[PDB]
């Protein structure tokens, strides 16, 4: 049975066409998403959550957001390499390599580790071996990036059936290929990137009409906003700068994202990090305990919300379209669950956005739809 795979910059999702319906599969960690993170520690290499859970402690051996480099040449990525803590070096071909303890990997090899783990754990969950997949890529990827992604799947031991666009995969998952003439604005906000795509769906041609976005705007920026708030409140209370202790900083990142997620369903939550630091005078343990209201959370992220408007406006103008001429706005990415993002979408386009399908599963589901179709299997 063929599967769909969302090779995302932050998380990856696998799904399979089961009985005409896409089903997302759990990983070994019991989670429907696998972080796109590989950790090279002194021992067995870590891939997934266990890698992301130690990324602050192991900056030299943890490779994250490798998707920003896959398929590009170094002269084009010099700046983004200055923004990463791991070593990014050019290859014999002008390519990109990651150097850990002197060893050298390609972004296709790093990506292939994430893909292999997804297929391994999914094959266990399904009780059959998975060898054929459809992998998705951002609409703005070129042939080099599409082939490099296809290579990453082959290296992981997969027969790659097709490399399709993420926004198309989303439209497939929402079934907008079955509603005649649709003009779809895909509003993709994920871990680190923001992506606006305008699709002219009609007579079966998914014609991309405009792209825009923000390559450094995502849910992790909301996370850091909480982190800086929590550390400032702790320096003021105890004179301890938790951002200087990699162990305390790693728990702040972990606790911040958890509180943000809880605040997508409720008005107030409490961050509690016991034994976070030692009191400088008495050397006794210190426990962080703060309550974050959604109201404060939204004040902290407002500059991120205000930057959503630009890409949306530019994509409309680049396509010659009015908010009124958009026939459907679909929400993609785990970060569109923030109620404030949803309101921002309403205010930007004057329409109620489709939120039927899980936003962090919609790509993987559409990709699995494509897969089953290429293999004869149908939909409902």
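Positions refer to the first chain, counted from 1.
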{"query": "Of 25-33 and 38-46, the stretch whose C-alpha atoms average the higher B-factor in the entry", "finding": "38-46"}
{"query": "Mean temperature factor over C-alpha atoms, higher-scoring stretch between 90-98 and 237-245", "finding": "90-98"}
{"query": "Third assignment of residue 331 from its chain's C-alpha B-factors", "finding": "lowest"}
{"query": "Where the record places residue 123 (Cα B-factor, split into thirds across the chain)", "finding": "highest"}
{"query": "Residue 61 - which third its CA temperature factor falls in, relative to the rest of the chain", "finding": "highest"}
{"query": "Chain third (lowest, middle, highest) by recorded CA B-factor, residue given as residue 322", "finding": "middle"}
{"query": "For residue 275, the third of its chain into which the C-alpha B factor falls", "finding": "middle"}
